[PDB]
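Below is one structure, written out as structure tokens, with a few remarks after it.
2 protein chains.
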Amino acid sequence: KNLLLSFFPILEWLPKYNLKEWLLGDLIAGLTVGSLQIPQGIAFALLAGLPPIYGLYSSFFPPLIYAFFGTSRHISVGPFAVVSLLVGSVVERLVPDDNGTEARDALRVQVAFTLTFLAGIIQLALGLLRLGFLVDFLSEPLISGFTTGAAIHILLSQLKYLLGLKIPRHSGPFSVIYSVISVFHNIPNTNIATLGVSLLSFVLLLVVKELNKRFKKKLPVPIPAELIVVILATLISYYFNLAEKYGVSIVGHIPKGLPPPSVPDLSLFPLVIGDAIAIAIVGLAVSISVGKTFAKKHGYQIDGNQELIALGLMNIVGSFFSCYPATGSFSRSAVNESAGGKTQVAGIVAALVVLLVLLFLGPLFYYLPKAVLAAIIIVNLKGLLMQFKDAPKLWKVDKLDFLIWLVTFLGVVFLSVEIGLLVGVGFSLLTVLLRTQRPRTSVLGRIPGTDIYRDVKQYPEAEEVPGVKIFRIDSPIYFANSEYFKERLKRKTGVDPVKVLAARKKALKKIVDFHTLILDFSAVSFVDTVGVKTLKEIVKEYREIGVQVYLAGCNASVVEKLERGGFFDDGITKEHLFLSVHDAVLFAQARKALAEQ
Amino acid sequence: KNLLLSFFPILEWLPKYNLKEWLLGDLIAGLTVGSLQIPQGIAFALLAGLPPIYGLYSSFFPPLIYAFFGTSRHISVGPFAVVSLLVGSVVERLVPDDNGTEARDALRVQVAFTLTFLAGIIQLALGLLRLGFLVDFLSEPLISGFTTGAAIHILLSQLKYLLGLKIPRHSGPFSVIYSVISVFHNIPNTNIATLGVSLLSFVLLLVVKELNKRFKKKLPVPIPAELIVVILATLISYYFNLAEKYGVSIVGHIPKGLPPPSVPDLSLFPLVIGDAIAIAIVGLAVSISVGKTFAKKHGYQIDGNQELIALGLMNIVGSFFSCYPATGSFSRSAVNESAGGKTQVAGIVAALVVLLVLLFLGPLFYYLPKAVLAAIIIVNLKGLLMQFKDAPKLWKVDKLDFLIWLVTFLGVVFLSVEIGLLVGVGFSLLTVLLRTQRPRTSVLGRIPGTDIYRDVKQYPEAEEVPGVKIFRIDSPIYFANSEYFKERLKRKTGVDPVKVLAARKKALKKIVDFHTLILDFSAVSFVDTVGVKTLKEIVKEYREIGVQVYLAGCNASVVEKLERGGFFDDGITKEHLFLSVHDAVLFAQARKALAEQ
Ligand SMILES: CCCCCCCC/C=C/CCCCCCCC(=O)O[C@H](COC(=O)CCCCCCCCCCCCCCC)COP(=O)([O-])OCC[N+](C)(C)C
Ligand SMILES: CCCCCCCC/C=C/CCCCCCCC(=O)O[C@H](COC(=O)CCCCCCCCCCCCCCC)COP(=O)([O-])OCC[N+](C)(C)C
Ligand SMILES: CCCCCCCC/C=C/CCCCCCCC(=O)O[C@H](COC(=O)CCCCCCCCCCCCCCC)COP(=O)([O-])OCC[N+](C)(C)C
Ligand SMILES: CCCCCCCC/C=C/CCCCCCCC(=O)O[C@H](COC(=O)CCCCCCCCCCCCCCC)COP(=O)([O-])OCC[N+](C)(C)C
Ligand SMILES: CC(C)CCC[C@@H](C)[C@H]1CC[C@H]2[C@@H]3CC=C4C[C@@H](O)CC[C@]4(C)[C@H]3CC[C@]12C
Ligand SMILES: CC(C)CCC[C@@H](C)[C@H]1CC[C@H]2[C@@H]3CC=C4C[C@@H](O)CC[C@]4(C)[C@H]3CC[C@]12C
Ligand SMILES: CC(C)CCC[C@@H](C)[C@H]1CC[C@H]2[C@@H]3CC=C4C[C@@H](O)CC[C@]4(C)[C@H]3CC[C@]12C
Ligand SMILES: CC(C)CCC[C@@H](C)[C@H]1CC[C@H]2[C@@H]3CC=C4C[C@@H](O)CC[C@]4(C)[C@H]3CC[C@]12C
Numbered sequence: 058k059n060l061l062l063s064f065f066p067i068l069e070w071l072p073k074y075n076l077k078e079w080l081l082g083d084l085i086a087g088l089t090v091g092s093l094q095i096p097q098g099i100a101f102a103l104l105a106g107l108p109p110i111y112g113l114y115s116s117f118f119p120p121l122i123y124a125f126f127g128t129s130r131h132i133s134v135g136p137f138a139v140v141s142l143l144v145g146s147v148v149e150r151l152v153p154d155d166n167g168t169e170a171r172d173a174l175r176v177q178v179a180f181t182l183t184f185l186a187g188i189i190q191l192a193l194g195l196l197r198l199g200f201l202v203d204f205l206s207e208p209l210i211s212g213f214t215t216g217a218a219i220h221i222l223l224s225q226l227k228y229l230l231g232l233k234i235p236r237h238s239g240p241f242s243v244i245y246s247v248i249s250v251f252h253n254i255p256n257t258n259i260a261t262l263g264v265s266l267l268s269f270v271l272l273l274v275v276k277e278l279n280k281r282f283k284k285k286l287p288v289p290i291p292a293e294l295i296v297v298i299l300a301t302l303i304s305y306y307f308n309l310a311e312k313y314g315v316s317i318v319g320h321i322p323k324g325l326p327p328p329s330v331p332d333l334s335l336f337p338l339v340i341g342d343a344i345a346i347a348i349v350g351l352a353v354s355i356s357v358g359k360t361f362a363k364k365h366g367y368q369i370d371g372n373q374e375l376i377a378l379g380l381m382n383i384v385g386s387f388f389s390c391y392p393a394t395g396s397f398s399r400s401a402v403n404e405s406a407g408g409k410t411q412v413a414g415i416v417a418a419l420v421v422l423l424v425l426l427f428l429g430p431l432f433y434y435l436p437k438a439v440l441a442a443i444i445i446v447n448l449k450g451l452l453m454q455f456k457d458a459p460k461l462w463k464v465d466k467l468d469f470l471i472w473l474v475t476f477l478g479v480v481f482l483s484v485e486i487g488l489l490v491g492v493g494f495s496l497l498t499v500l501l502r503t504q505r506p507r508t509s510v511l512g513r514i515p516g517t518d519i520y521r522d523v524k525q526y527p528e529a530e531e532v533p534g535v536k537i538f539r540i541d542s543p544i545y546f547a548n549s550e551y552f553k554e555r556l557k558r559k560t561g562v563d564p565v566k567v568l569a570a571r572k573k574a575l576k577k578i637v638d639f640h641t642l643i644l645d646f647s648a649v650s651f652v653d654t655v656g657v658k659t660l661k662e663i664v665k666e667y668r669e670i671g672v673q674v675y676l677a678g679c680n681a682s683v684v685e686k687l688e689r690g691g692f693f694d695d696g697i698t699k700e701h702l703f704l705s706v707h708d709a710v711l712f713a714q715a716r717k718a719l720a721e722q
Numbered sequence: 058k059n060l061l062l063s064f065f066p067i068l069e070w071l072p073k074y075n076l077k078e079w080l081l082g083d084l085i086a087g088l089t090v091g092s093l094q095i096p097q098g099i100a101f102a103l104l105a106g107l108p109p110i111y112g113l114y115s116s117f118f119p120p121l122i123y124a125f126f127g128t129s130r131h132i133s134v135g136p137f138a139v140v141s142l143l144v145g146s147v148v149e150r151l152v153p154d155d166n167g168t169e170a171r172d173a174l175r176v177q178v179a180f181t182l183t184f185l186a187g188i189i190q191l192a193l194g195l196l197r198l199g200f201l202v203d204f205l206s207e208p209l210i211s212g213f214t215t216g217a218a219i220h221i222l223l224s225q226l227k228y229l230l231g232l233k234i235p236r237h238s239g240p241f242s243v244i245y246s247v248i249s250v251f252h253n254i255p256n257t258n259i260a261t262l263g264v265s266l267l268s269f270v271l272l273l274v275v276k277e278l279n280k281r282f283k284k285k286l287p288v289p290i291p292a293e294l295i296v297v298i299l300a301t302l303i304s305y306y307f308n309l310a311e312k313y314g315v316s317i318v319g320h321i322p323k324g325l326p327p328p329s330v331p332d333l334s335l336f337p338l339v340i341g342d343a344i345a346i347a348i349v350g351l352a353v354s355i356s357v358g359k360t361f362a363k364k365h366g367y368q369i370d371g372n373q374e375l376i377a378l379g380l381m382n383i384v385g386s387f388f389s390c391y392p393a394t395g396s397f398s399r400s401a402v403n404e405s406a407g408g409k410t411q412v413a414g415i416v417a418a419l420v421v422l423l424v425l426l427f428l429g430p431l432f433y434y435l436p437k438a439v440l441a442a443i444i445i446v447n448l449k450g451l452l453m454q455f456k457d458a459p460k461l462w463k464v465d466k467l468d469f470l471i472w473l474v475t476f477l478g479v480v481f482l483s484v485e486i487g488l489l490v491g492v493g494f495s496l497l498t499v500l501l502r503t504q505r506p507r508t509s510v511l512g513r514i515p516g517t518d519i520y521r522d523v524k525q526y527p528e529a530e531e532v533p534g535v536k537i538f539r540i541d542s543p544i545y546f547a548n549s550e551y552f553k554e555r556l557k558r559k560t561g562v563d564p565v566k567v568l569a570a571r572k573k574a575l576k577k578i637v638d639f640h641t642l643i644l645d646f647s648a649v650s651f652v653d654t655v656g657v658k659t660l661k662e663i664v665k666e667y668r669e670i671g672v673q674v675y676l677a678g679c680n681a682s683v684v685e686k687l688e689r690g691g692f693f694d695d696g697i698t699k700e701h702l703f704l705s706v707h708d709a710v711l712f713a714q715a716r717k718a719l720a721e722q
């Protein structure tokens, strides 16, 4: 049925695939992105603490399962920097670095699989419960700040491998600080051959990227920079024999064959559930952003709920077949699009490229120096570091949107990467309250010879009507701004009804300008519980000094809430609800005349 | 100067004190409230873990120092149940129950003094920084829930002393549950003589309270119930010798003489700063509520800032002279008023009554059974338990105000009393966002033969103007509700400008009803940063399909924010800001006519 085809998009979009103007483009794109996934795969695997094959596994399985369940047409899923950073934190925290290496690595990969499992389950859940609207609450400033912060950590991590130092470090509170000073202390312990192969690597990378960018096409497929750098460097470190002589650290044994089916031991569930929640939220945020970017630009739509289901299935399947959490990324996605990716056929093609390297090529990457992997990670990190361009832009336009960006970024650099995200998100939510908490109240008068009413301060043309004081709040009346409203009503109408009643009673036991306040509720989007209580109070007080309160403006839902909340018995009737300020004004004047006689 | 007289209110209100119609009333009230403070003082001291004299000290010093710095005229400050509960938690947590007794008691009273100190400093601070407006954010449902929850704990605590069991218990997560089952297990270990003196005590208390309530005045001063019950019971337990024979636990030695000046050792500052923050916030909340209640009822005003300074000075002085945190309370305050309290002279008088009992009477309360103290605490707790009457009231009117009450109460009973308060307060703040997050949007039309515009669904009379679509949100446009606004604008105007541009471009590369949207911003109280960005987007999209967007309504502050945020260059000019929907409608129609020719 339509349910089965919507819960497995492949069965809808694959039959309609036109093999003539697309298949060429998707195969080019697949080869381009596979050439990119192999080096980065292994890189991002080291950054995460796991052995190097996990990057090849994470680059093979995820993109397939997403091709099946996925709605986006330009996203490439796989191992991406920030998630790898988060997985790494948890691994090295639950398995410190202290036969021995294989024992530690076995426990490491078990922690990884638990993280992948839980992160997939959370994402799957959210998508089944149709809570995919909550990925809108993750502002773009929030996510810019968080990814830029996380790229500062990932840059500092890869300095140690790039020089050849053997520094231990942490990801805990203020860890970047003592990590950078740790590297400044140990810079005399620099391996010189490791700095050699690092700088050689960067030179070849920038040369090939600039060359294939500026120089002539003469190619259906672009020049794969990272691949050829890994290849030249592994050959150089095998011939000149860097590993054993000069002491340059190399990638270990990469085992041949398909992944082994494994089981995430949920014995570690209470240790890792917190960081699995952070992985899951980061993954959704980044992947769905990218989905939406390319969907907007190419004139189609993604479903946020089906996207959550797809990413969750991909992680859970992967958890079973020896992977770590994948996600989409704007880099691979841009590369996949610029190469001429049209469907998820490109994802399937790229995964077959990683498959043939898992199976055959395999242990030729024995003599690959870890410095060439660190250099690849630093040149990929350009993307996220160029987002510092966004702190001035936000600054100019909206300063609360610039604070979301700064709080999140500082929170991520100079505390934890989990805590950064949490504090950022909280601040993001609070900015809506700070926008609505001192709203813009006004006293309105009639423009002469027109039956429109506008602010009397801002439009000096407008004159107040005799006997009728009209006031207009331009916000919801809720818990955040309701005391304020009642204050500003008593200050801009120039009357406090309880003080006036006190003076009247004092004078009567010893022995106001207006007869009608019209509240214009055109901009009251909603009222909550405190709101209805505050409006009850205002009406009761102004009944006591003998002033009718008419509402002129109320939307349907605000009238229904006022009614449930019991606003329509204490003096006010539903016949004091008018459509526009004018209709209330007329009615007010008329009652006054008919009562004069 | 006026500063010195406002920073020491006594120097203003004391000279003007008329000695003829007031001094009698205040002396009656002072004696009534002192008769109440002695038994309760000692009671609340046991409830807090400290030795019994601390209640007499806390009943003597605080009321004096508040008389000097205080603005309220009917509040009585002193030891009150809920704060004593909180101090007790911290004491027995930092000093578990395991020569030995004096050593433990010395460390106990040191913890107490640190709490009093810090709580006074926090309250003093808040009042100097003029942050006394933040005590408005503490809803009445919040505080009803929290005090009712805390009275459940205080009732369960005093069951053990009332029967004679020797149960240990905690205040940690779900502690009420295992505390009640602990008492159900150990009910066979009931002392029978202790249950005797408990039930005797309650009988005498209810008899004397009912008697002096219903029966004839024949008295300038009411009958002090708690005092005469403590007196009869101590004499009974001395004559019949309950302590040694039948094993009834008694109050220890009450030492004679004034307090010793002490120093709160801030060596414990990092252990107790969290609970000192809870003490401080509870104290302010309760004391200032009461201040405001009696100020409203008697036709004067308190300053919230001067109240914070007064309560903080009182706690800091007291911390030095061997006290534990005091606060106002509605019970003593009601007793002080009903007796005929007119000024803080009543507080000074009551403190002299406690002074003469500290000095002289003193160790006659050796043979006082602790069961008579527990019974006094249970009959005083009536006050706070009758607030369960507030959960149905809130239920009827506002269900979000009923949730604030329930979340806080359940949070306090079935988790910690600190955590209850925190969760309650958070929920309280979030309810304002939930009120304003799906506001009431409308499309407005002109009432025929009137120049007022109101909802076309709710007022079927109103007709839309040709060419002009008028929409009105009734809320702030901030982070919480801004995506919603833009959705409902495209749904109720029946046009999506980006889809319309896409269709137009598709048709043009192969080869809407209106010309003007008027947003009525009369109820937009405020706009925040996300708000200005969302309004930029709407205007830019509707410029692209060739529809002018006019704003008709905006208050001063919303126009200034739109201007800073850069809203007034991307198509919109400040001449598209009108006063009322009518003036915009006229201008819209007119432009359309003048362009037809
Ligand atoms: C993605 C990254 C982030 C991670 C995700 C984080 C996830 C965060 C999750 C967030 C949750 C978000 C969901 C809320 C949706 C809003 C819609 C809404 O509530 O409208 C209402 C329906 O809803 C209700 O009112 C139903 C309430 C009943 C439920 C409790 C009963 C249990 C009783 C005992 C339970 C005891 C159990 C004990 C167990 C120990 C409709 O209301 P209405 O009448 O139309 O008028 C109101 C005004 N509006 C709504 C119209 C504006
Ligand atoms: C130390 C650091 C801590 C970080 C915390 C960060 C701060 C938290 C951030 C808060 C953001 C919002 C979270 C609150 C979610 C409310 C859920 C809800 O709607 O359920 C409701 C009742 O369900 C309940 O009874 C909920 C009771 C508690 C809520 C648990 C939330 C998860 C965090 C737990 C953490 C556990 C920690 C484990 C140990 C550490 C009903 O759901 P509903 O769907 O609305 O029902 C109506 C149906 N429709 C129609 C509306 C659908
Ligand atoms: C009681 C129980 C509870 C316990 C208490 C809990 C306590 C909670 C405390 C809560 C705090 C509440 C106070 C906020 C008051 C609101 C008024 C307000 O902000 O209006 C603005 C003034 O304010 C500002 O904008 C000033 C911002 C500058 C400060 C930071 C600079 C430092 C730079 C580097 C620092 C580095 C240091 C590093 C250190 C490690 C005026 O704004 P505006 O231009 O008029 O327009 C805006 C709109 N409005 C305001 C008009 C609506
Ligand atoms: C585990 C449980 C934890 C419970 C936490 C509960 C959740 C928290 C609840 C949050 C409620 C709001 C708290 C935030 C207060 C903002 C302060 C502010 O305005 O300062 C600003 C900058 O100052 C800063 O740089 C602030 C940096 C951090 C804020 C600290 C808050 C206290 C909690 C710390 C907890 C420490 C924990 C210790 C170890 C546990 C400037 O102040 P300002 O006056 O606006 O300046 C402009 C001047 N006028 C004109 C406006 C006056
Ligand atoms: C998309 C590609 C082509 C970008 C170009 C890559 C090469 C040519 C350039 C541009 C991006 C550059 C890196 C971007 C980020 C940093 C961090 C900074 O603290 C030191 C320089 C360093 C490490 C740069 C070194 C040189 C670099 C790798
Ligand atoms: C270094 C980390 C903390 C990033 C934070 C950078 C922030 C604080 C800096 C970076 C660039 C800065 C902007 C650079 C240029 C201008 C233009 C000038 O006419 C007004 C200030 C303004 C708009 C600056 C505001 C502050 C700013 C946004
Ligand atoms: C203000 C005064 C006069 C109120 C009257 C006090 C006496 C007569 C009455 C009314 C208040 C009563 C107590 C109020 C609260 C409770 C808790 C409940 O779980 C058991 C009964 C118990 C313990 C009551 C016992 C009798 C009691 C002490
Ligand atoms: C026992 C603890 C958890 C206190 C919670 C009590 C709550 C859930 C109960 C207590 C009394 C109840 C109210 C009692 C009477 C009525 C009148 C009826 O026409 C509608 C329901 C209504 C309004 C009930 C709503 C739920 C209610 C408020």
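In order, the protein sequences belong to chains A and A'. A prime marks a further copy of an entry chain. Quick note, the first sequence lines up with residues 58 to 155, 166 to 578, 637 to 722 if you use the deposited numbering. Quick note, the second sequence lines up with residues 58 to 155, 166 to 578, 637 to 722 if you use the deposited numbering. Cβ atoms here follow ideal geometry from the backbone N, Cα and C, with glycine treated the same way.
In the DSSP assignment, what residue or residues form a beta bridge with residue i?
{"i": "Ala-677(A')", "result": "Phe-703(A')"}
{"i": "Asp-541(A)", "result": "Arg-507(A)"}
Counting only C-beta atoms, is residue i closer than 8 Å to chain A at any point?
{"i": "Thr-475(A')", "result": "no"}
{"i": "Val-499(A')", "result": "yes"}
Are any of the Cβ atoms in chain A' nearer than 8 Å to that of residue i?
{"i": "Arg-716(A)", "result": "no"}
{"i": "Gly-358(A)", "result": "no"}
*Which parts of the region 362-427 of chain A are runs of the beta strand (DSSP E), unbroken and 3 residues or longer, counting only runs that do not cross its ends?*
none
_Chain-ordered residues of the region 655-667 of chain A with a beta carbon less than 8 Å from chain A'_ = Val-655, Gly-656, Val-657 and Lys-658
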